[PDB]
Q: 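Have a look at this one before I ask anything.
In each ligand, atom 1 is the first atom listed, and ligand 1 is the first ligand listed. Side chains included, hydrogens not; waters and symmetry mates left out as well; all remaining heavy atoms used. Each chain gets a letter, A, B and so on, in the order its sequence line appears, and its residues count up from 1.
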Amino acid sequence: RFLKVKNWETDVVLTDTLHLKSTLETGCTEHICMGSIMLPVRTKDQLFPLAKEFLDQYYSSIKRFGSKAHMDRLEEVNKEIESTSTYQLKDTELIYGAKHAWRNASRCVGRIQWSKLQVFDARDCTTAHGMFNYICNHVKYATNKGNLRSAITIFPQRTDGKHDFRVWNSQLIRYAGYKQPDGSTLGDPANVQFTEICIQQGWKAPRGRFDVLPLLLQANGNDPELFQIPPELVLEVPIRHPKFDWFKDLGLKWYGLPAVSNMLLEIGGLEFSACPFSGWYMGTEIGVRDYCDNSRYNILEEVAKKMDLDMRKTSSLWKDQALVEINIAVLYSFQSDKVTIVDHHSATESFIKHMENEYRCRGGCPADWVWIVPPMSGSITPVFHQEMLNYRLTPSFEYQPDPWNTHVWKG
Amino acid sequence: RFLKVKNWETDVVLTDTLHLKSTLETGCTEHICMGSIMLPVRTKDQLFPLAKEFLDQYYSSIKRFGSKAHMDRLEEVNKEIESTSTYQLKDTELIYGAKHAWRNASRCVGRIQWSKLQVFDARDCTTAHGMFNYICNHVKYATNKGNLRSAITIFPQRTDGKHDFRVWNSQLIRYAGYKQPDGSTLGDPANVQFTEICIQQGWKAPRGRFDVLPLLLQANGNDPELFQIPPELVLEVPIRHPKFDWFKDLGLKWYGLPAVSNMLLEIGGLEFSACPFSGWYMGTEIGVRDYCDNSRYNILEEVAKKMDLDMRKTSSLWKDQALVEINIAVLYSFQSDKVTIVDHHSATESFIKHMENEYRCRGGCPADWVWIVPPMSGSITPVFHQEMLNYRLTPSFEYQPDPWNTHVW
Ligand code: HEM
Ligand code: HEM
Ligand SMILES: Cc1cc(N)nc(C[C@@H]2CNC[C@@H]2OCCNCC(F)(F)c2ccccc2Cl)c1
Ligand SMILES: Cc1cc(N)nc(C[C@@H]2CNC[C@@H]2OCCNCC(F)(F)c2ccccc2Cl)c1
Ligand SMILES: C[C@H](O)[C@H](O)[C@H]1CNc2nc(N)[nH]c(=O)c2N1
Ligand SMILES: C[C@H](O)[C@H](O)[C@H]1CNc2nc(N)[nH]c(=O)c2N1
Ligand SMILES: [Zn+2]
């Protein structure tokens, strides 16, 4: 079967066949679309087909499908599963697997970069201290003094689900948030609960507006342990504006390295519950979401005050005006400090070229329009006008619940 | 089976039960989501279940479900379908149906207004000239000297499908487009094909940038005929900016009345193929989409230049700056001329209030996030953070194919 998508700006029509390899469910049915819903232990029996599907894809990718090396590897993995109930990936398979999970990430606008990913194999790690060291090395490598390089570090896979490796932080680098007795928040309101956990585990909080959180690291199902990332490894950018010299005295800064650490990587039916990965920011993440969401740093009003905008009616579009200036400031600041960043026009134009390439080469590119379209200026980017098909390919990155909800405390 | 939606800004969680009454298909399957796809006669047998479903909801709404008058109406309609192969709605049913088709329009941010809709019953209309008269009256009533009022005008229902009433125009009021020897497009690029069909049918095109198109009306399945809307009934707004005095010199204007005329209204299985309806604009429709789409009037570059922004690199956000100013000018011009308009902040705020009302007293509100979130400044409006479930309820408005593909001359 064939599915077509149309671009309403260019009239370019693409044909998807790749969706035929989709397996997992979307949440949608013929009666209900759940496209805007954010969130819509394996047996030997379920595992071997998953392993086989993966190895088939890997061996096809290297043009060795059906070879003796292919057949011997299927055999070897089958025998490993029957005997030990799981199996180990070869390094080459792990690399291919991590790159493909990114390639298949339908919510990622940055996927033009998918084949350039440094994979750090941390499967020999056994303790939280070992995790800390791996993560420091990742941060220093990825940061590269501002010349950011994509990377992922992969800790040992799930076994019985009682021995999971987990990074409790949602991102490797994030600022603390502190709920005040008067109900106001100091720092990042998104991180209040997690900050509270760190404090309870014995973190001495500075209680400022941009305090880098400690890592809380769980190895082998053990209770997590706290570690401070060396501050010299945490590259930050003070935010200033090219024309407005008062912008600096807002006292804003942000960190250069966006590094998601709470997702689960599935390759061939194996589950890597700790697999922190990093790239570089698109500016709107910081300037639109982190700074301007009402339940984040929420700076729109203060910015618009300083610009002397008419604030008595929303129809002056004061919020939109202040939003654009904050985003100019984030891009200018990163660029001035030589820290990699991409603007939303750049990024979406590159995404459309990536997607067209994938359609030709691969027969499709699953994409989640709700996430791919930037949170400002949506329709002046080419992705707004592009129809997309969202479906689930493996290998994949998946959301998993926060570990504090599920962890069995050892004490 | 019962589904939850969460607002990620406010943590408010709502439970949707209304979706269990959805009938039509979404285009999504368990394997593929088609959320971003723009486009994803009835026999006696098919028609009675549809009539019954509708009449049940109707009698329910007036608190007379299972009453003698309920059973008596179901009886009458059944008899009428068996004998005539169709049936006629009572005026009360027609009004209820049209208001609910709007209530059910999952792509409409303006539904807080749904119960305030003036319904013009044009089911007695028989000719294209009659259609023109009804439409001018709609246009004049809805416009109301700039104090716009929501309205729909409903022409006769489909019969055997060879006698369709159709307004060939996509909206009652739109601007002509003409491809130039220059290679460029003069006017609205979106209307090139329709403008050509107009000329072919005899329209004397002025060949300007903002020429109000004539109506092309089809009655009783006949060949469509041309009429032009009295110029004094088409309220237009010249676009200026509260601070940039050069803005007026771009020569921009837009019309005050948005009036969709190409959709099909389905009520109780009955199909109203000509049912033009109108409300009032949300500013971004004109300022973001009409003015700044590549493929529309595409004015971003000209504005940016007059602002003397750095257009050398995308990262100066020159497009975004110019976008906001164009949208400030649209809103300012409509407000100064006392023509009803709503900004995207205010409209989305009232949709959230509407959603909560609908969850509270109906068990849900079908909504298409891809359409509800404005085409600029998405995440600084409250709808961006609101999970929505999209499903199809009847009565409904449905897209239908351009009739020039359908029609046999
Ligand atoms: C290289 C530069 C990259 C850019 C500019 C980029 C851009 C983005 C953006 C803007 C988002 C949405 C973020 C949000 O709203 O929270 C995203 C999502 C995502 N990206 Fe990327 N990306 C990059 C690299 C990567 C890498 C290296 C990976 C993994 C190997 C990755 C995998 C993902 C995944 C799984 C999501 C969905 C996250 C979620 O569900 O929270 N991306 N990307
Ligand atoms: C009262 C003021 C109204 C406002 C501010 C409003 C707002 C909007 C907006 C912004 C859209 C998206 C349009 C687009 O992007 O092309 C829309 C779509 C729509 N609205 Fe409304 N609306 C109003 C009245 C109405 C009325 C009176 C009806 C029917 C009686 C209606 C039914 C629809 C339908 C069916 C769509 C989807 C149209 C399509 O698929 O092209 N709306 N609404
Ligand atoms: C409920 C929920 C579900 C889900 N799947 N993800 C989230 C995370 C939510 C989704 N938007 C905010 C929060 O993520 C912030 C992280 N963004 C940074 C980045 F990693 F995505 C990234 C961005 C740019 C370049 C590279 C990278 Cl690795 C929340
Ligand atoms: C392929 C296609 C499918 C579809 N369902 N609709 C369209 C119409 C396409 C989709 N966006 C543009 C075009 O409509 C412009 C009409 N907008 C005016 C209005 F009616 F929507 C309206 C707006 C504001 C207030 C009231 C009203 Cl009644 C195209
Ligand atoms: C409810 C809705 O799905 C939610 O707010 C989404 C919308 N689109 C998004 N897009 C991106 N890139 N990141 C997000 O966090 C979200 N949030
Ligand atoms: C492909 C995508 O669905 C398309 O560009 C949509 C996106 N959202 C929209 N939203 C509204 N309100 N109107 C539109 O015309 C569109 N176009
Ligand atoms: Zn869907």
Side-chain angles (χ1 to χ4, degrees), chain A residues 34-40 102 105 107-110 113 148 150 152 170-171 174 190 257-263 276-282 284-286 288-290 293 296 341-342 347 368-375 379 397-400, chain B residues 5-9 38-39 98-99 101-114 116-119 142 148-152 170-171 258-260 262-263 265 275-285 288-289 340-342 344 346-347 350-351 368-369 371-375 378-379 383-388 396-399:
Chain A
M34 309 219 322
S36 63
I37 308 304
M38 295 202 69
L39 306 158
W102 184 13
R107 294 174 157 167
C108 181
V109 70
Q113 286 286 336
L148 272 37
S150 294
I152 175 162
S170 58
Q171 296 175 46
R174 281 202 89 171
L257 187 73
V260 165
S261 47
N262 61 351
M263 292 187 88
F277 60 84
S278 59
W280 49 83
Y281 270 113
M282 180 168 82
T284 52
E285 305 180 65
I286 308 167
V288 188
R289 310 299 316 286
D290 299 330
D293 275 10
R296 304 286 310 285
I341 198 167
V342 65
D368 178 344
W369 189 102
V370 172
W371 278 59
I372 293 292
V373 176
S379 79
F397 289 112
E398 309 288 342
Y399 190 81
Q400 48 178 347
Chain B
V5 289
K6 170 169 171 174
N7 183 297
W8 288 84
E9 195 196 330
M38 281 196 82
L39 302 157
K99 284 176 184 196
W102 183 12
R103 198 186 188 170
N104 296 344
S106 78
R107 290 171 166 175
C108 179
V109 74
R111 288 175 276 163
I112 195 167
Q113 285 291 324
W114 74 272
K116 287 142 185 229
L117 177 65
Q118 176 59 219
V119 171
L148 305 198
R149 292 180 290 201
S150 297
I152 181 167
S170 61
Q171 293 175 43
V260 165
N262 68 168
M263 296 189 82
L265 169 54
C275 62
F277 58 84
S278 60
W280 55 79
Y281 268 120
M282 180 171 73
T284 56
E285 300 180 82
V288 179
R289 303 305 315 285
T340 305
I341 197 162
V342 64
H344 51 289
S346 160
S350 333
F351 182 72
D368 178 345
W369 192 100
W371 278 59
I372 297 290
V373 179
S379 67
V383 293
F384 181 96
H385 308 272
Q386 176 66 59
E387 296 189 339
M388 293 170 201
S396 57
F397 293 107
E398 314 282 17
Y399 186 87

Q: Return the residue, atom name and 0.1 Å-rounded distance of the protein heavy atom closest to atom 13 (C) of ligand 2.
A: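 Of every protein heavy atom, B:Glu285 OE1, 3.7 Å lies nearest to atom 13 (C) of ligand 2.
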
Q: I'd like to know whether ligand 3 has A:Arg289 as a neighbour, heavy-atom separation below 4.0 Å.
A: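 It does not, in that no heavy atom of A:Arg289 comes within the 4.0 Å cut-off of ligand 3.
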
Q: Can you sort out which atoms of ligand 2 are near B:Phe397, meaning under 4.0 Å from one of its heavy atoms?
A: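 Contacts of ligand 2 toward B:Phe397, numbered from 1: 29 (C), 30 (C), 35 (C).
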
Q: Could you tell me the separation between the CZ atom of B:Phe351 and the CD1 atom of B:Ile372, rounded to the nearest 0.5 Å?
A: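 Taking CZ in B:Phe351 and CD1 in B:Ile372, the distance rounds to 4.0 Å.
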
Q: Look at atom 7 (C) of ligand 3 and say which protein heavy atom is nearest, naming residue and atom and giving the distance to 0.1 Å.
A: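 Closest protein heavy atom to atom 7 (C) of ligand 3: A:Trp371 CH2, 4.3 Å.
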
Q: Which ligand 3 atoms does A:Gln171 reach within 4.0 Å, using its non-hydrogen atoms?
A: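 Near A:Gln171, the atoms of ligand 3 are 15 (C), 16 (C).
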
Q: Does a side-chain heavy-atom distance below 4.5 Å link B:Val383 with B:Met388?
A: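 Sidechains of B:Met388 and B:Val383: in contact.
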
Q: Mind checking whether B:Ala151 has a heavy atom under 4.0 Å from ligand 2?
A: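 B:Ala151: no contact with ligand 2 (<4.0 Å).
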
Q: Identify the heavy atoms of B:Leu148 and B:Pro258 that sit nearest to each other, and give their distance.
A: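 The pair with the smallest heavy-atom distance is CD1-CD, 4.4 Å.
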
Q: Counting only heavy atoms, which portion of B:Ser278 has something under 4.0 Å from ligand 2: side chain, backbone, both, or neither?
A: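 It is the backbone that touches ligand 2; the side chain stays farther off.
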
Q: Determine whether A:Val373 and B:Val373 satisfy the following criterion, side chain to side chain contact (heavy atoms under 4.5 Å, CB included), listing intermediate values before the conclusion.
A: CA-CA 11 Å; A:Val373 176; B:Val373 179; over 6 Å; no

Q: What are the distances between nitrogen or oxygen atoms of ligand 5 and protein nitrogen or oxygen atoms, counting only those under 3.5 Å?
A:
from     : atom 1 : to       : atom 2 : distance (Å)
ligand 5 : 3 (O)  : A:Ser36  : O      : 2.7
ligand 5 : 5 (O)  : B:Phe384 : O      : 2.8
ligand 5 : 8 (N)  : A:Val370 : O      : 3.1
ligand 5 : 12 (N) : A:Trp371 : O      : 3.1
ligand 5 : 15 (O) : A:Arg289 : NH1    : 3.3

Q: Can you tell me how far the CH2 atom of A:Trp280 sits from the CG atom of A:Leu257, to the nearest 0.5 Å?
A: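 Output value for this atom pair is 11.5 Å.
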
Q: What is the nearest protein non-hydrogen atom to atom 2 (C) of ligand 2, stated with its residue, atom name and distance?
A: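 The answer is B:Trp280 N, 3.4 Å.
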
Q: In ligand 3, which numbered atoms sit nearer than 4.0 Å to a non-hydrogen atom of A:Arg107?
A: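 Those atoms are 5 (N).
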
Q: Nearest to atom 4 (C) of ligand 3, what protein heavy atom do you find, and at what distance?
A: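 In this structure, atom 4 (C) of ligand 3 has A:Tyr399 CD1, 3.6 Å as its nearest protein heavy atom.
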
Q: Could you check atom 38 (C) of ligand 2 against the protein and tell me its nearest heavy-atom contact, residue, atom and distance included?
A: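 In this structure, atom 38 (C) of ligand 2 has B:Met263 SD, 4.0 Å as its nearest protein heavy atom.
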
Q: Can you confirm whether something in the protein, heavy atoms only, sits under 4.0 Å from atom 16 (C) of ligand 3?
A: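 Under the 4.0 Å cut-off, atom 16 (C) of ligand 3 does have protein heavy-atom neighbours.
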
Q: Can you confirm whether something in the protein, heavy atoms only, sits under 4.0 Å from atom 22 (C) of ligand 3?
A: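 Yes, there is one.
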
Q: Stepwise, does the side chain to side chain contact (heavy atoms under 4.5 Å, CB included) test hold for A:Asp293 with B:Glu9?
A: CA-CA 8 Å; A:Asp293 275 10; B:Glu9 195 196 330; over 6 Å; no

Q: Give a yes or no answer on whether the side chain of A:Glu285 reaches the backbone of A:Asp290 with a donor-acceptor pair at less than 3.5 Å.
A: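 Not a single qualifying donor-acceptor pair exists.
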
Q: Give the single entry among A:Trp280, A:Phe277, A:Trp102 that approaches atom 25 (C) of ligand 3 most closely by any heavy atom.
A: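 Ranked by closest heavy atom to atom 25 (C) of ligand 3, first place is A:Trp280.
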
Q: Under 3.5 Å, which donor-acceptor pairs link side chains of residues 107-114 of chain B to any protein atom two or more places apart or in another chain?
A:
from     : atom 1 : to       : atom 2 : distance (Å)
B:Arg107 : NE     : B:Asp368 : OD2    : 3.0
B:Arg107 : NH1    : B:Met38  : O      : 3.4
B:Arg107 : NH2    : B:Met38  : O      : 3.2
B:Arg111 : NE     : B:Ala105 : O      : 2.8
B:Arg111 : NE     : B:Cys108 : O      : 2.8
B:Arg111 : NH1    : B:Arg103 : O      : 3.1
B:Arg111 : NH1    : B:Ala105 : O      : 3.4
B:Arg111 : NH1    : B:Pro366 : O      : 2.9
B:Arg111 : NH2    : B:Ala105 : O      : 3.4
B:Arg111 : NH2    : B:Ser106 : O      : 3.3
B:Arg111 : NH2    : B:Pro366 : O      : 2.8

Q: Atom 32 (C) of ligand 2: which protein heavy atom is closest, and how many Å away?
A: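 Atom 32 (C) of ligand 2 sits closest to the protein heavy atom B:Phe277 CE1, 3.5 Å.
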
Q: In Å, rounded to the nearest 0.5 Å, how long is the span from CG of B:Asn7 to NE2 of B:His385?
A: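 Between B:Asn7 CG and B:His385 NE2, I get 8.0 Å after rounding to 0.5 Å.
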
Q: Which bit of B:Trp371 is near ligand 2, meaning a heavy atom under 4.0 Å away: side chain, backbone, both or neither?
A: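 It is the side chain that touches ligand 2; the backbone stays farther off.
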
Q: Start with the C-alpha distance between B:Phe384 and A:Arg289, add both sets of side-chain angles, then the distance that settles side chain to side chain contact (heavy atoms under 4.5 Å, CB included), and finish with yes or no.
A: CA-CA 11 Å; B:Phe384 181 96; A:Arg289 310 299 316 286; 3.6 Å; yes

Q: Just to confirm my output: which protein heavy-atom neighbour is closest to atom 19 (C) of ligand 3, and how far is it?
A: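 Of every protein heavy atom, A:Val260 CG2, 3.7 Å lies nearest to atom 19 (C) of ligand 3.
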
Q: Go through the steps to decide whether B:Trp102 and B:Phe397 satisfy the test ring pair (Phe, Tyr, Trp, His ring centres under 6.0 Å), and finish with yes or no.
A: CA-CA 7 Å; B:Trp102 183 12; B:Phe397 293 107; 8.7 Å; no

Q: Nearest 0.5 angstrom please: A:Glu398 CD to A:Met263 CE, how far?
A: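 Going from CD on A:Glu398 over to CE on A:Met263, the span is 7.0 Å.
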
Q: Any chance you could lay out the side chain to side chain contact (heavy atoms under 4.5 Å, CB included) test for B:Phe277 and B:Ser150, step after step, and finish with the verdict?
A: CA-CA 8 Å; B:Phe277 58 84; B:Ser150 297; over 6 Å; no

Q: At less than 4.0 angstrom from any non-hydrogen atom of B:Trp8, what atoms of ligand 3 do you find?
A: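 Counting from 1, the qualifying ligand atoms are 1 (C).
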
Q: Can you list the ligand 2 atoms lying under 4.0 Å from a non-hydrogen atom of B:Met282?
A: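 Atoms satisfying the 4.0 Å criterion: 10 (C).
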
Q: Between NZ of B:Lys99 and CD1 of B:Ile152, what distance do you get to the nearest 0.5 Å?
A: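 One gets 12.0 Å once the value is rounded to the nearest 0.5 Å.
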
Q: Tell me, which protein N/O/S atoms are under 2.8 Å away from atom 21 (Fe) of ligand 2?
A: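 Within the sphere that stays under 2.8 Å of atom 21 (Fe) of ligand 2, the protein atoms of type N, O or S are B:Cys108 SG.
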
Q: With heavy atoms of A:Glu285 as the reference, note each atom of ligand 3 found under 4.0 Å away.
A: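 Taking each heavy atom of A:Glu285 in turn, ligand 3 has 17 (N), 18 (C), 19 (C), 22 (C), 23 (C), 24 (C), 25 (C) under 4.0 Å.
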
Q: Ignoring hydrogens, what is the shortest heavy-atom contact between B:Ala98 and B:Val119? Give both atom names and the distance.
A: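 Closest approach of B:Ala98 to B:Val119, heavy atoms only: CB-CG2, 4.1 Å.
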
Q: My understanding is that only residues two or more places apart in sequence, or in another chain, count here; which of them pass side-chain contact (heavy atoms from CB on, under 4.5 Å) with B:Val288?
A: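 For B:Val288 the side-chain contact (heavy atoms from CB on, under 4.5 Å) partners, ignoring immediate neighbours, are A:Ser379, B:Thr284, B:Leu323, B:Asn327, B:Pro375, B:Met376.
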
Q: Is there side-chain contact between B:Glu387 and B:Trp8, with heavy atoms separated by less than 4.5 Å?
A: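 In short, these two side chains touch, coming nearer than 4.5 Å.
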
Q: Only heavy atoms of B:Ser150, strictly under 4.0 Å: list the atoms of ligand 2 that pass.
A: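 Answer, ordered by atom number: 1 (C).
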
